[PDB]
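K.L.:
Let me begin by handing over the structure; questions about it come next.
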Amino acid sequence: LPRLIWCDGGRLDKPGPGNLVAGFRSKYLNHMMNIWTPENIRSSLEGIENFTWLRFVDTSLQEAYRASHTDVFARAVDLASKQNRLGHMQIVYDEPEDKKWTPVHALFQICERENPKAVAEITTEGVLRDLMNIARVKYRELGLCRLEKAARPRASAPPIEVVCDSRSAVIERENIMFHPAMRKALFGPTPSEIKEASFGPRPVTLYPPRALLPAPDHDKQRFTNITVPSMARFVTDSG
Amino acid sequence: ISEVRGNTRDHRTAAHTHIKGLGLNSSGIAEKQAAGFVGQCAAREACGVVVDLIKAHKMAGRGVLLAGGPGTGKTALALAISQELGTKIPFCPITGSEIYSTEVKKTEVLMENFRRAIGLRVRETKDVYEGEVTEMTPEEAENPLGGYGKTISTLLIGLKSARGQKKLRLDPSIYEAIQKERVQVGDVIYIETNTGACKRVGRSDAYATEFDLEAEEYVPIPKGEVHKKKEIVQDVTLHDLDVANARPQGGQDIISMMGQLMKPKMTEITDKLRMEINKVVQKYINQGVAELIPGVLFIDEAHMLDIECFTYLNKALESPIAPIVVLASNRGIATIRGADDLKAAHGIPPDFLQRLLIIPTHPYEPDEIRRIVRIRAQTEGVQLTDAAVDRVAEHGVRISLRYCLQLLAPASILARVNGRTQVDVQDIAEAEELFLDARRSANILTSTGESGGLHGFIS
Amino acid sequence: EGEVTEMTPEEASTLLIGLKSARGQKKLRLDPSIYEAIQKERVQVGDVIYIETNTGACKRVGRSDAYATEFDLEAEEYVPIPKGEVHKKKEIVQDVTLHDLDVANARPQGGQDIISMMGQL
Amino acid sequence: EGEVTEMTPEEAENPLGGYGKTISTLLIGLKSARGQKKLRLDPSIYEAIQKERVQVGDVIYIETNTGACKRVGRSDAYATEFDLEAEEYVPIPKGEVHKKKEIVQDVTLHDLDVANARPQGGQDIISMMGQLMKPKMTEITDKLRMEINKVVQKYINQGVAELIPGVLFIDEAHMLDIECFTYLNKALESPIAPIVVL
Amino acid sequence: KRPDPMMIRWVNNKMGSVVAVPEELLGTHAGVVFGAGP
Amino acid sequence: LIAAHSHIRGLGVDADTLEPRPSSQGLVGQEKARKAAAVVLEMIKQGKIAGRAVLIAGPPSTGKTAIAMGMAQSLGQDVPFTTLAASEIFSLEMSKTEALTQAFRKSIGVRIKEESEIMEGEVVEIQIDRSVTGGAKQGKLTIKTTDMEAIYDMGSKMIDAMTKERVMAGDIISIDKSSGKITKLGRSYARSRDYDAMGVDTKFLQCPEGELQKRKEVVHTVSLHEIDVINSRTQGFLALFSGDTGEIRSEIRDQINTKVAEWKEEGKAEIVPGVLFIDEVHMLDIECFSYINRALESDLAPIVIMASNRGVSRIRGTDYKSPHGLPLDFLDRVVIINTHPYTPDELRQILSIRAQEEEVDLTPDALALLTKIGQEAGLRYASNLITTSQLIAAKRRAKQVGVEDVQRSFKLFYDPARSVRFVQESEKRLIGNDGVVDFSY
Amino acid sequence: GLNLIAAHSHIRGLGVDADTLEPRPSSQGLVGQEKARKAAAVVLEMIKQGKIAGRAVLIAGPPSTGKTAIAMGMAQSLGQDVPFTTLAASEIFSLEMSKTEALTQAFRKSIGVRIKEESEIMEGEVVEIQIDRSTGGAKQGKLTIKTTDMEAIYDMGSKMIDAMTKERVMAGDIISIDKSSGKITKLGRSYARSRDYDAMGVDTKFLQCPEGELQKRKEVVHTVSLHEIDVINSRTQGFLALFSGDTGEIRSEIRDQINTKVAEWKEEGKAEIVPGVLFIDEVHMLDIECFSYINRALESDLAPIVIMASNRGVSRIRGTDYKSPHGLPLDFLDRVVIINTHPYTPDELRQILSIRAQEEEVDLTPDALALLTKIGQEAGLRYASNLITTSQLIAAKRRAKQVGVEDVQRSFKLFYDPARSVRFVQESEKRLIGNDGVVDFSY
Ligand SMILES: Nc1ncnc2c1ncn2[C@@H]1O[C@H](COP(=O)(O)OP(=O)(O)O)[C@@H](O)[C@H]1O
Ligand SMILES: Nc1ncnc2c1ncn2[C@@H]1O[C@H](COP(=O)(O)OP(=O)(O)O)[C@@H](O)[C@H]1O
Ligand SMILES: Nc1ncnc2c1ncn2[C@@H]1O[C@H](COP(=O)(O)OP(=O)(O)O)[C@@H](O)[C@H]1O
């Protein structure tokens with residue numbers, strides 16, 4: 001691509017000389033004339049006005065404003081730093097005199113304040129716990145986590161890249177295609193962060209509390225299509 | 001915090017609010033007027049056997065058809081069955097219209113509702129310690145390990161509930177939970193004996209004045225015993241087990257967490273999962289720790305199902321763990337919705353119709369209509385003159401039961417805006433003239449819509 | 001718009017940024033947040049940058065070619081120093097539509113929604 | 001290839017990114033039967049090693065084409081019964097630590113199309129997340145197909161590849177429709193279309 | 001021999017259980033639960 | 001619970017001569033169809049023949065499902081027996097062709113053999129090291145028999161399992177080193193008293209004996225479809241159970257077919273061909289049949305058993321009628337088995353079997369009347385009256401179902417023929433095919 | 001190469017005099033169709049001048065009368081310098097997007113933006129690299145590089161050292177550096193250093209040293225379609241959707257912004273607009289909703305010229321139950337001019353078969369050519385052209401050097417033409433599956 005398109009305002013969202021619209025439109029549509037900003041929400045927070053419910057959904061005006069502006073990956077990382085306390089209340093606030101107590105600011109969080117799962121975690125014989133785990137128990141019992149792969153892709157490629165002879169394009173490739181905050185979320189804290197979190201005089205939180213990359217479904221193949229020969233093949237592939 | 005409303009908490013009223021049951025003797029014979037029913041004595045006796053079939057838990061996947069004209073009480077009988085069974089028995093009502101999901105094939109929607117209609121009751125013991133943390137105190141070990149600065153043999157926690165105080169001599173490993181949950185003195189926690197860990201509910205509101213500002217909510221002290229051991233009864237449908245297995249909820253990873261933040265579309269769950277669920281459910285039933293509760297799937301306007309739905313119900317009804325299915329239809333001889341050249345009775349395919357116990361509901365005599373008018377009036381709280389009861393029942397005979405019942409609320413208002421608490425003929429005669437029935441409205445369409453060029457109906 | 005002459009912290013976080021053009025210099029007190037915007041652009045002393053000080057947008061235009069011989073090869077885009085005034089004030093009449101407001105309020109847009117690059121859902 | 005003899009990360013103190021620190025490189029020592037090297041890996045290759053759960057004393061494989069890492073096993077120097085987990089104890093790799101392997105591969109043009117439409121081979125974030133999302137067919141553009149013709153033409157001109165055009169057998173071809181047949185009128189004009197048997 | 005500065009050890013046997021804490025972690029926030037904070 | 005085919009417990013044929021007994025294993029009559037089905041069981045059990053399509057045809061009832069369910073009961077657990085209602089093939093997640101491909105491949109098993117090592121012993125000591133504020137974990141397990149004791153290193157996955165399972169000293173545990181599953185079995189001595197919240201008391205066990213390790217052969221059977229799903233993905237194997245698979249690409253299945261042949265010759269796997277039972281197959285459309293024509297031709301095709309109630313009937317997606325509702329170039333590939341309507345002596349036997357299965361004690365007069373009702377109203381209706389009459393008899397506290405209870409059941413519940421008369425007698429008060437109705441008295 | 005022989009491979013252009021637009025009776029691979037080729041030559045003049053926007057031309061004629069041939073002739077005579085978009089009407093029926101979106105995208109692919117950009121580029125053979133790692137790496141380093149005319153040392157900045165170590169540059173490598181961005185591309189390896197390359201197999205190729213200045217201002221010309229600018233602006237890596245194809249229905253306010261932006265670049269002279277052409281083969285497969293869209297999409301200043309082909313008579317318009325010429329509504333045909341293609345005479349059939357035989361590798365005897373020409377008159381030009389390949393393969397199997405009449409006669413006997421195959425189904429009617437689904441399997 002020519003740098004006219006890829007760098008110098010042929011991209012509508014990126015502000016600069018020769019894209020005078022984008023900086024204005026970024027500020028006004030995301031902040032000034034934006035319904036989710038706390039100053040706008042605070043005008044609508046009452047009566048039958050459109051944010052009336054916000055009082056009861058267990059989220060701040062700041063949290064409503066973050067959830068409207070961050071993408072579903074960033075929100076999923078923020079969701080890692082949170083606790084199922086309404087599910088713990090189901091364990092504790094239990095007797096008739098507890099009157100199924102719920103924080104009034106969390107009143108509408110009905111389906112998490114009451115559901116069977118949390119109780120099944122806590123009972124001494126896990127009948128409803130095991131019933132909710134059948135699918136993954138069956139999967140592992142069949143050994144499908146350990147059986148060799150019977151197929152793989154015959155070809156594999158890295159993503160296509162824009163080639164543009166500007167330094168900004170190279171910087172942007174690193175910012176997006178090798179995105180630091182997403183990578184840090186997936187792979188978690190660095191070794192000095194673990195030291196600095198562990199030896200301090202007071203506790204401290206970490207950007208992700210843990211590595212957020214999932215466990216691989218296959219115990220031996222993991223996240224790669226590399227395969228390794230074995231003695232079973234070696235014995236049997238000569239008659 | 002929230003301002004309680006003190007004055008009134010009375011019920012609303014809907015088309016079937018008067019129906020309280022099937023109104024049957026201990027012999028099962030129908031009483032001619034009971035539990036809000038008038039007449040239908042044969043259909044009520046048949047539905048009484050259906051209630052006994054369901055309540056006996058012997059049988060799976062029997063079909064029932066309520067057959068009869070519109071307004072003949074078929075949904076009244078279904079709602080009466082649900083009330084005779086009581087809320088412990090699952091009752092899943094749908095129309096046949098509700099099966100046409102955009103997210104999944106309509107046979108999955110039908111099978112979801114089919115397994116919503118099957119309940120499971122599981123009895124377990126819950127066993128936890130609870131309170132605000134009054135104290136936390138290590139015990140040094142008598143044989144400390146070499147090279148380590150401290151060795152702890154016990155970790156004492158004081159727990160206080162509203163009803164007592166106890167010193168828990170815990171295993172030292174609970175340090176892990178205390179650090180990770182950040183348990184302080186004055187925090188409300190529980191410890192569960194099946195793990196030995198703890199979880200933090202919050203800070204006790206006994207401490208809500210520690211600071212002018214702190215960023216946490218405060219929670220009441222537990223109003224139970226400090227040690228809660230009791231049996232708990234959990235009711236789940238087998239559909240709840242399908243979803244709990246096909247869409248696991250608790251996942252800690254990025255993909256699970258992005259998942260629970262996005263639109264949670266339903267999915268065409270496999271027979272392999274449902275069969276594996278059935279086989280493990282049956283293990284626990286044979287162990288006696290769970291009991292199956294077969295309920296009712298009620299399909300209203302069952303003539304809205306198509307031939308693909310019915311041919312699936314053949315398979316579904318043959319499975320060993322299945323509800324009783326009740327269908328209702330009023331469509332005479334009609335085309336099957338998916339087979340534009342097959343006409344059959346009830347709009348039900350003849351192949352499928354052979355499976356069903358069929359219950360006919362007949363029309364009402366004028367005196368039955370008049371009795372229903374009085375039952376409906378005393379349910380809507382309307383007070384009538386006997387001449388007004390007769391005039392309303394006349395519309396019930398000449399026009400429709402539904403139409404005459406629907407005039408009672410307009411006439412009640414028209415009476416009180418003349419200062420009268422009792423509705424009389426003058427009010428009925430105005431309600432019936434403000435509020436037309438279908439047929440008189442259709443006569444206006446025929447008369448004024450004789451031409452369409454201007455001021456005429458669109459046709 | 002100018003060559004960066006200074007990037008000095010002035011708060012416990014607020015900078016002073018010095019900007020230069022062929023026609024003079026100016027210093028700007030920076031809000032902590034536009035400073036982070038300037039810091040996410042890989043701006044350093046000797047770079048040429050553009051700032052919309054009202055909207056809070058900024059862009060690294062390049063490195064000033066007075067530094068072009070820092071090395072004989074570097075992977076860098078050397079540009080001349082701006083020849084005009086370092087500060088420019090312009091009246092712009094900006095149009096949007098109520099649908100642009102719909103779109104902007106319904107979902108995170110543009111550089112907010114980086115995960116959108118994956119397609120599918 | 002080698003037994004991992006030492007493994008040591010080195011760190012960047014990012015001031016204002018908000019994600020905290022990042023790791024700037026990994027130094028890793030690989031030992032084979034014939035020799036030894038110490039590699040200063042790029043962060044994206046260390047992320048491949050992190051995904052592969054490598055530890056000191058493991059034998060590993062690092063394909064520099066992809067930057068992928070495979071853990072072959074524990075080194076046979078640690079071969080002991082007394083681990084609860086069924087480890088692969090494997091001997092030290094023979095030959096040099098650094099190798100070049102020649103492999104002859106059979107692929108179709110469709111395999112190339114698909115590989116480049118939904119990429120999974122890199123250690124970038126798009127490739128990484130592409131391995132986690134549900135597999136999904138997509139309406140691959142003619143731009144990608146003409147680009148892959150040029151890629152394959154270069155493999156042919158380099159002499160590393162030969163073309164093997166084959167056949168598509170459409171059984172039950174009466175079950176096609178007028179839009180399909182109209183599309184074949186374009187598709188069969190393509191200068192590398194197969195032979196089609198109906 | 002000296003234990004790992006960052007790892008707390010739990011052990012259990014016929015006599016019951018103990019936890020043992022590195023002296024490098026006493027005087028940190030991790031020591032507080034053992035009665036040995038800053 | 002009791003269901004429609006619960007009494008069917010086999011095919012009711014002599015395993016030597018394949019001769020159907022007139023009553024056996026819950027099946028009555030249909031002897032030609034039951035003998036033909038017994039021959040198809042041999043084709044299935046031998047497995048050498050691929051892709052024979054058998055159609056069971058007949059009018060409604062007459063046991064087409066009953067015979068197919070008898071075959072399922074005769075094959076037992078190891079062989080796949082996929083049942084489809086043909087209406088399940090229409091899907092929004094995938095094409096009809098893909099839905100058929102998945103159901104065909106669900107019907108082929110792959111019996112993998114694995115060798116595994118299990119530990120079993122008394123835990124003498126357990127030690128775990130945990131990082132502060134981090135994931136790093138290590139540990140050691142000291143475990144014992146009457147004849148061995150050893151100390152095993154533990155990884156993070158074991159330490160998670162050990163604490164999830166709350167492994168404590170004195171517990172008897174077994175560890176499958178291949179899967180990594182830990183299970184407790186009991187305790188060598190009482191749970192120690194000093195600590196609170198230590199959980200429920202276990203079974204007692206004496207200590208295990210002999211060597212700590214032992215090897216164990218374990219056998220797993222998975223479908224070709226299950227292998228398809230696992231291999232089309234890096235991640236998301238939950239699609240095995242959720243559906244949610246998408247349309248799996250054909251070059252994946254080519255590879256799996258090759259590798260499964262390789263696994264068979266290598267002796268890693270035994271392929272186990274089963275059956276796809278498609279029920280009421282006339283619900284498939286012309287595109288489905290055109291696909292099935294050639295799906296049958298693979299050497300990995302299952303034997304396909306089909307049922308149809310249909311006469312000469314319109315093919316779906318098609319202008320024109322055909323026998324069984326099936327197209328002729330499809331029927332060219334199909335052998336047909338015909339079921340026939342029952343004799344009264346057969347109805348009496350079937351009703352007796354249903355009554356026994358439902359635990360209902362009919363009087364001989366009630367059985368005679370139910371048999372007569374069975375002739376006039378159908379076998380399904382007369383079987384419904386058995387359950388109904390039992391309930392009515394119980395409400396009057398009778399020991400047995402009398403003619404009184406069958407007559408009251410017949411009075412309360414209409415049969416299809418009598419319901420059709422009721423519909424004809426009330427055509428004005430029921431809604432017509434043109435939507436007109438009268439609500440007035 | 002990769003490119004095999006296909007149906008149209010012989011077409012190299014339109015075969016028309018550039019001065020007068022008079023078509024030659026045969027040239028550039030096109031025989032006859034002179035009135036139609038002259039009309040197509042006037043359309044090329046309209047396309048190349050760019051002035052007129054949104055003309056729609058229909059090529060109407062019977063099957064196998066060179067409607068696609070003329071369309072290939074136009075594409076070949078415009079060359080790579082102009083956007084030419086080849087749409088089969090069947091492609092508009094996407095599941096990814098609506099029909100009108102797919103038609104918008106097709107129109108937007110057919111307008112180019114042409115942009116000229118310089119870079120300094122450095123190209124030469126590497127004489128030496130040294131790098132100092134202290135031990136974190138890339139502290140400093142020096143590159144020595146040469147051409148046949150020039151040699152220089154460069155002191156390297158640390159990010160160039162990262163580029164050099166990433167691309168494993170070593171002595172003897174011939175490299176180019178795009179110094180405006182610092183990507184380095186290894187153009188090859190010098191032959192003069194062949195023995196340094198101990199890790200390179202014998203299949204490795206080697207270049208000569210580069211020539212002239214080590215540094216040159218290379219000028220690149222880019223053409224990017226409006227559709228590419230649209231798709232780029234659709235999401236964070238929207239350009240990937242130009243390949244995977246999962247563009248959604250791209251919002252029209254994005255396109256309106258881009259239309260304004262490109263008109264700005266045109267007036268500033270930063271870019272030029274290059275109107276191309278959209279070709280819609282089998283336009284009769286579009287429906288009434290497509291045609292009513294196309295009506296007004298042609299009215300834009302950013303409309304390409306559109307060219308369409310139809311075989312159809314008075315035929316049913318799709319999405320309606322009435323019939324119209326070419327299968328197209330008169331509502332649309334009012335805004336269209338029609339070019340009509342005729343059937344060929346025998347000498348034109350002879351010439352086309354000859355050209356097809358010379359484009360294929362086929363030595364054809366005069367009597368075989370005469371026989372194939374008669375078959376062409378009786379069975380159609382496509383069938384006779386398919387027999388050329390067949391007869392060559394038969395001749396080759398009997399080891400013959402030329403295709404003789406004997407080989408054409410085997411081909412004619414083995415493979416039926418459409419008229420003989422129609423007769424075959426009429427005579428075989430009871431054994432084939434009829435439109436009522438009936439068939440008899442018996443002898
Ligand atoms: N036997 C009855 N006794 C009392 N109310 C009845 C009776 N039958 C019908 N109704 C009432 O009259 C109305 C019509 O009955 P409904 O069950 O809605 O008819 P259907 O379901 O057959 O259309 C409802 O409001 C219902 O509550
Ligand atoms: N020959 C038979 N022996 C025993 N039970 C039978 C026989 N035929 C039918 N039945 C029973 O009667 C019912 C109807 O037969 P079914 O197999 O459902 O007929 P269809 O051929 O329509 O599927 C089933 O409950 C079945 O168990
Ligand atoms: N005038 C011509 N000159 C050269 N080749 C031609 C001519 N007309 C047709 N052909 C060739 O004959 C074949 C059939 O004509 P084609 O244009 O494909 O058919 P249609 O007009 O139906 O699209 C093609 O291979 C084409 O290249």
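Identifiers in this document derive from the order of the structure tokens: chains are assigned A, B, ..., residues are numbered from 1 separately in each chain, and ligands are numbered from 1 in order of occurrence.
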Skip residue A:138 itself and residues of its chain fewer than 6 positions away, then list as a PDB file with N, CA, C and O atoms, in the first residue's frame all residues within 10 Å of it, counting only C-alpha atoms.
P.N.:
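As a result, part.pdb now contains:
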ATOM      1  N   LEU A 144      -9.521 -39.150  24.433  1.00  0.00           N
ATOM      2  CA  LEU A 144      -9.420 -38.249  23.291  1.00  0.00           C
ATOM      3  C   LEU A 144      -8.482 -37.078  23.542  1.00  0.00           C
ATOM      4  O   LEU A 144      -8.137 -36.363  22.594  1.00  0.00           O
TER       5      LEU A 144
ATOM      6  N   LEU B 273     -24.603 -36.606  24.261  1.00  0.00           N
ATOM      7  CA  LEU B 273     -24.629 -35.972  25.579  1.00  0.00           C
ATOM      8  C   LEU B 273     -25.879 -36.339  26.366  1.00  0.00           C
ATOM      9  O   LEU B 273     -25.791 -36.781  27.516  1.00  0.00           O
ATOM     10  N   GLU B 276     -25.675 -39.826  27.581  1.00  0.00           N
ATOM     11  CA  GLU B 276     -24.720 -39.958  28.680  1.00  0.00           C
ATOM     12  C   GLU B 276     -25.231 -39.323  29.968  1.00  0.00           C
ATOM     13  O   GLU B 276     -24.995 -39.853  31.059  1.00  0.00           O
TER      14      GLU B 276
ATOM     15  N   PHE F 241     -20.072 -32.765  22.280  1.00  0.00           N
ATOM     16  CA  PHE F 241     -21.305 -32.885  23.035  1.00  0.00           C
ATOM     17  C   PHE F 241     -22.299 -31.780  22.732  1.00  0.00           C
ATOM     18  O   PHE F 241     -23.504 -31.998  22.848  1.00  0.00           O
TER      19      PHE F 241
END
K.L.:
Could you please extract the residues within 6 Å of ligand 2, counting only C-alpha atoms and all ligand atoms, and hand them back as a list in words?
P.N.:
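Listing the residues within 6 Å of ligand 2 gives residues 4, 5, 26, 27, 28, 29, 30, 60, 61, 62, 63, 64, 65, 66, 350 and 380 of chain F.
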K.L.:
Could those residues be written to a file, using C-alpha atoms, as an mmCIF file, in the first residue's frame?
P.N.:
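The file below, result29.cif, is the result:
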data_model
loop_
_atom_site.group_PDB
_atom_site.id
_atom_site.type_symbol
_atom_site.label_atom_id
_atom_site.label_comp_id
_atom_site.auth_asym_id
_atom_site.auth_seq_id
_atom_site.Cartn_x
_atom_site.Cartn_y
_atom_site.Cartn_z
ATOM 1 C CA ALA F 4 -43.317 -48.027 24.247
ATOM 2 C CA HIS F 5 -40.647 -50.659 23.421
ATOM 3 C CA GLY F 26 -41.095 -59.782 23.692
ATOM 4 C CA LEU F 27 -41.678 -59.981 19.925
ATOM 5 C CA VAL F 28 -44.805 -61.589 18.451
ATOM 6 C CA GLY F 29 -45.565 -62.584 14.859
ATOM 7 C CA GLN F 30 -43.992 -60.741 11.906
ATOM 8 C CA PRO F 60 -48.581 -47.878 10.949
ATOM 9 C CA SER F 61 -47.966 -50.041 13.990
ATOM 10 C CA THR F 62 -47.013 -53.561 12.772
ATOM 11 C CA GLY F 63 -43.730 -53.232 14.624
ATOM 12 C CA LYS F 64 -41.249 -51.591 12.259
ATOM 13 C CA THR F 65 -39.639 -49.729 15.163
ATOM 14 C CA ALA F 66 -40.114 -52.780 17.423
ATOM 15 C CA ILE F 350 -48.878 -58.302 22.369
ATOM 16 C CA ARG F 380 -51.572 -48.421 20.286
#
K.L.:
What is the atom CA of residue G:366-atom 15 (O, counted along the ligand's line) of ligand 3 distance in Å, reported with one decimal?
P.N.:
23.1 Å
K.L.:
Extract, using only C-alpha atoms, all DNA, RNA and protein residues at most 7 Å from residue F:310, discarding same-chain residues fewer than 3 positions from it, and format them as a PDB file with C-alpha atoms, in the first residue's frame.
P.N.:
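So the final result, stored in selection_21.pdb, reads:
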ATOM      1  CA  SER F 313     -46.462 -40.602  -1.724  1.00  0.00           C
ATOM      2  CA  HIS F 324     -42.739 -45.428   0.098  1.00  0.00           C
ATOM      3  CA  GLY F 325     -42.203 -41.721  -0.569  1.00  0.00           C
TER       4      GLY F 325
END
K.L.:
Which residues, written as a list in words, have at least one atom at most 10 Å from residue C:115, with only C-alpha atoms counted and residues fewer than 4 positions away on the same chain left out?
P.N.:
residues 71, 72, 73, 74, 176 and 182 of chain A; 111 and 119 of chain C; 125, 126 and 129 of chain D; 235, 236 and 237 of chain G
K.L.:
If you keep N, CA and C atoms, can you produce a file of those selected residues as a JSON list (two decimals), in the first residue's frame?
P.N.:
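Output saved as selection.json:
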[["chain", "number", "residue", "atom", "x", "y", "z"],
["A", 71, "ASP", "N", -13.12, -3.14, 24.49],
["A", 71, "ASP", "CA", -13.59, -4.27, 23.70],
["A", 71, "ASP", "C", -13.72, -5.53, 24.57],
["A", 72, "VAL", "N", -14.37, -6.55, 24.00],
["A", 72, "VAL", "CA", -14.69, -7.76, 24.74],
["A", 72, "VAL", "C", -13.48, -8.55, 25.22],
["A", 73, "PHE", "N", -12.31, -8.37, 24.61],
["A", 73, "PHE", "CA", -11.11, -8.97, 25.18],
["A", 73, "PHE", "C", -10.67, -8.22, 26.43],
["A", 74, "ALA", "N", -10.54, -6.90, 26.33],
["A", 74, "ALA", "CA", -10.16, -6.08, 27.48],
["A", 74, "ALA", "C", -11.14, -6.24, 28.65],
["A", 176, "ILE", "N", -0.19, -3.81, 16.79],
["A", 176, "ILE", "CA", -1.40, -4.60, 16.58],
["A", 176, "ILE", "C", -1.10, -6.09, 16.47],
["A", 182, "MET", "N", -2.49, -7.62, 25.10],
["A", 182, "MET", "CA", -3.09, -8.93, 24.87],
["A", 182, "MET", "C", -2.12, -10.06, 25.18],
["C", 111, "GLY", "N", -10.00, 2.07, 16.78],
["C", 111, "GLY", "CA", -8.87, 1.65, 17.60],
["C", 111, "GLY", "C", -9.22, 1.24, 19.01],
["C", 119, "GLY", "N", -12.22, -11.19, 13.05],
["C", 119, "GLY", "CA", -13.41, -11.55, 12.29],
["C", 119, "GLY", "C", -14.30, -12.51, 13.05],
["D", 125, "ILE", "N", -0.30, -12.45, 17.56],
["D", 125, "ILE", "CA", -1.53, -12.55, 18.33],
["D", 125, "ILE", "C", -2.70, -13.02, 17.48],
["D", 126, "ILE", "N", -2.72, -12.66, 16.19],
["D", 126, "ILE", "CA", -3.81, -13.09, 15.31],
["D", 126, "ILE", "C", -3.77, -14.59, 15.08],
["D", 129, "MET", "N", -4.82, -16.33, 18.52],
["D", 129, "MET", "CA", -6.26, -16.39, 18.77],
["D", 129, "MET", "C", -7.01, -17.21, 17.71],
["G", 235, "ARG", "N", -12.44, -2.42, 9.80],
["G", 235, "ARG", "CA", -12.09, -2.96, 11.12],
["G", 235, "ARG", "C", -10.58, -2.87, 11.30],
["G", 236, "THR", "N", -10.13, -3.23, 12.51],
["G", 236, "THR", "CA", -8.75, -2.98, 12.93],
["G", 236, "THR", "C", -7.70, -3.57, 11.99],
["G", 237, "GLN", "N", -7.95, -4.74, 11.42],
["G", 237, "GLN", "CA", -7.12, -5.21, 10.31],
["G", 237, "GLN", "C", -7.98, -5.53, 9.10]]
K.L.:
Could the residues that lie within 7 Å of ligand 1, counting only C-alpha atoms and all ligand atoms, be listed as a list in words?
P.N.:
residues 15, 16, 18, 19, 36, 37, 38, 39, 40, 68, 69, 70, 71, 72, 73, 74, 75, 76, 77, 372, 401 and 402 of chain B
K.L.:
Select all residues from chain F having any atom no more than 9 Å from an atom of chain A (counting only C-alpha atoms, ignoring ligands), output as a ChimeraX atom specification.
P.N.:
/F:112,131-135,178-179,199-200,219-222,226-228,230-238,240-241,251-260,266-267
K.L.:
Please return, as an NGL selection string, all residues of chain E that DSSP assigns to strand (DSSP E or B) on the basis of the backbone.
P.N.:
:E and (7-13 or 16-21)
K.L.:
What's the 10 Å shell around stretch 6-16 of chain C, counting only C-alpha atoms, without same-chain residues fewer than 2 positions away, as a VMD selection string?
P.N.:
(chain C and resid 3 to 4 18 to 20 27 to 36 43 to 46) or (chain D and resid 16)
K.L.:
Show me which residues sit within 6 Å of ligand 3 when counting only C-alpha atoms and all ligand atoms, and put them as a tab-separated table (two decimals) with C-alpha atoms, in the first residue's frame.
P.N.:
chain	number	residue	atom	x	y	z
G	7	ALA	CA	-10.47	-22.35	-23.68
G	8	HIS	CA	-9.41	-18.72	-24.25
G	29	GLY	CA	-6.41	-14.68	-32.05
G	30	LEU	CA	-9.88	-13.36	-33.01
G	31	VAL	CA	-11.56	-14.48	-36.25
G	32	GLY	CA	-14.60	-12.76	-37.74
G	33	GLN	CA	-17.20	-11.04	-35.54
G	63	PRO	CA	-23.95	-19.81	-27.33
G	64	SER	CA	-20.36	-20.29	-28.57
G	65	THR	CA	-20.45	-17.16	-30.77
G	66	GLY	CA	-17.48	-15.49	-29.10
G	67	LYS	CA	-19.15	-13.35	-26.44
G	68	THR	CA	-16.59	-14.41	-23.82
G	69	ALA	CA	-13.88	-14.35	-26.52
G	352	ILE	CA	-10.72	-20.83	-35.28
G	382	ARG	CA	-16.89	-26.19	-29.04
